[PDB]
Participant: 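Okay, here's the structure, questions in a sec.
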Amino acid sequence: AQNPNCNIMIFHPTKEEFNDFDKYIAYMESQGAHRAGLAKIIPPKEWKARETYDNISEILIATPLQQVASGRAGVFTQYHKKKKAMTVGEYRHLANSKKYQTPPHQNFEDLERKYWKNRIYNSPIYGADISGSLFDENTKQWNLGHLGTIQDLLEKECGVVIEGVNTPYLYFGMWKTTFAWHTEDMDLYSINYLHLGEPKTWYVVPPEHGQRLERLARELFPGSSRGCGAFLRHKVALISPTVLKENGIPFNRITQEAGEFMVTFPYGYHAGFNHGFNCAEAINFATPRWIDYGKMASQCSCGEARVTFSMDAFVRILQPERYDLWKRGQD
Ligand SMILES: O=C(O)CNC(=O)C(=O)O
Ligand SMILES: [Mg+2]
Ligand code: NI
Ligand SMILES: [Zn+2]
């Protein structure tokens, strides 16, 4: 078996190998990359996502989210308070303010220490899930706005034609902005490109050990666990690496820098934080190997997790028994 310790792999494709997305994902998996839950892909040196980022300040962040923490430094939840709309220019200015900026630090490890020590005592503002793309239409390779769609994958593999579309989303982050422990909707893959700015640190549990994370999470968030059988779909729970180590949960960590791709694999739980002002673009995608994960994915039926028009069709076709009760959560 390739990659039996489930280490995060880093790939360096040539421009020639960067021409066929599906075939490169298949290559990565041949080398065991999926076992970790997360891989990094460094694009060829000749590739660029677009010519410059000089004209992005007028993008609107219609609902910035203030991420308010509760709990203890190692084990907390965050709630997202809606703030008034601001442009990307306004947001970058706010991110760079004395109140919100990244503190002085030695290296990524000192900054990670400061994050886990101090996160709960601040409420950074996140511009998340903004439909859109920053790829130039003339970028032909690994353009997250031109991938083949999950609907077409289901059609090619399974023969069923469904409604729905699949488009990318932009994330504008600042110091301490946080993504809680989750897998993707319907345990899909995701791909994330860091377009500009400061890094993003990721933590990931191997898919083969996801249930161990869930068991710990039920113990650490006992009331949430009673209220919903898949409460990590709410995307509010944080657990530090120290706590994961104390409880024997296998995981890995890696820092993504501007100009690099990350791929998360089906049922790879991940969490992380941003080092300072940045902009990422991400989209879900599927392969043939995904199909059985889609059939087995947990679902939120307390109704908190509340998810897309397009995810309806996936649940209807892959999880017809759940469909009924699931749609009660979403209506
Ligand atoms: O970048 C973020 O804030 C979160 N991204 C993801 O969880 C992802 O790409 O799967
Ligand atoms: Mg603009
Ligand atoms: Ni994700
Ligand atoms: Zn729920």
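The residues of the chain are indexed from 1 along the displayed sequence. When reading the values below, keep in mind they use all heavy atoms of this one structure, side chains included, and skip hydrogens, waters and symmetry mates. Whatever order the structure lists ligands and atoms in, that order sets their numbers, starting from 1.
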Participant: Hey, is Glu304 close enough to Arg233 for a salt bridge, meaning N to O under 4.0 Å?
Facilitator: no
Participant: Answer yes when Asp187 and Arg289 have at least one side-chain N-carboxylate O distance shorter than 4.0 Å, and no when they do not.
Facilitator: no
Participant: Would a line drawn from the ring center of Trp142 to the ring center of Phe11 be shorter than 6.0 Å?
Facilitator: no
Participant: Could you work out, with ring pair (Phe, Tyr, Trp, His ring centres under 6.0 Å) as the rule, every residue matching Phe273, not counting sequence neighbours?
Facilitator: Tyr115, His275
Participant: Please note down the angle at the Zn ion (ligand 4) between NE2 of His234 and SG of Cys300, to the nearest 10°.
Facilitator: 110°
Participant: Can the ring centroids of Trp290 and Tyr189 be said to lie less than 6.0 angstrom from one another?
Facilitator: no
Participant: Give, rounded to 10 degrees, the angle between SG (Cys302) and SG (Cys228) as seen from the Zn ion (ligand 4).
Facilitator: 120°
Participant: Between the side chains of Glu109 and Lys114, is the shortest nitrogen-to-carboxylate-oxygen separation below 4.0 Å, so that they form an ion pair?
Facilitator: no
Participant: Aromatic contact between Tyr203 and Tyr269, with the criterion being ring centroids under 6.0 Å apart: yes or no?
Facilitator: no
Participant: Quick one: report the N, O or S atom of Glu184 that is nearest to the Ni ion (ligand 3).
Facilitator: OE2
Participant: Considering only N or O atoms, set out every pair between ligand 1 and the protein closer than 3.5 Å, with distances to one decimal place.
Facilitator:
residue	atom	partner	partner atom	Å
ligand 1	1 (O)	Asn192	ND2	3.2
ligand 1	1 (O)	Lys200	NZ	3.0
ligand 1	3 (O)	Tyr126	OH	2.5
ligand 1	7 (O)	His182	NE2	3.1
ligand 1	7 (O)	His270	NE2	3.2
ligand 1	9 (O)	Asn192	ND2	3.2
ligand 1	10 (O)	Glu184	OE2	3.0
ligand 1	10 (O)	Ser190	OG	2.8
ligand 1	10 (O)	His270	NE2	3.1

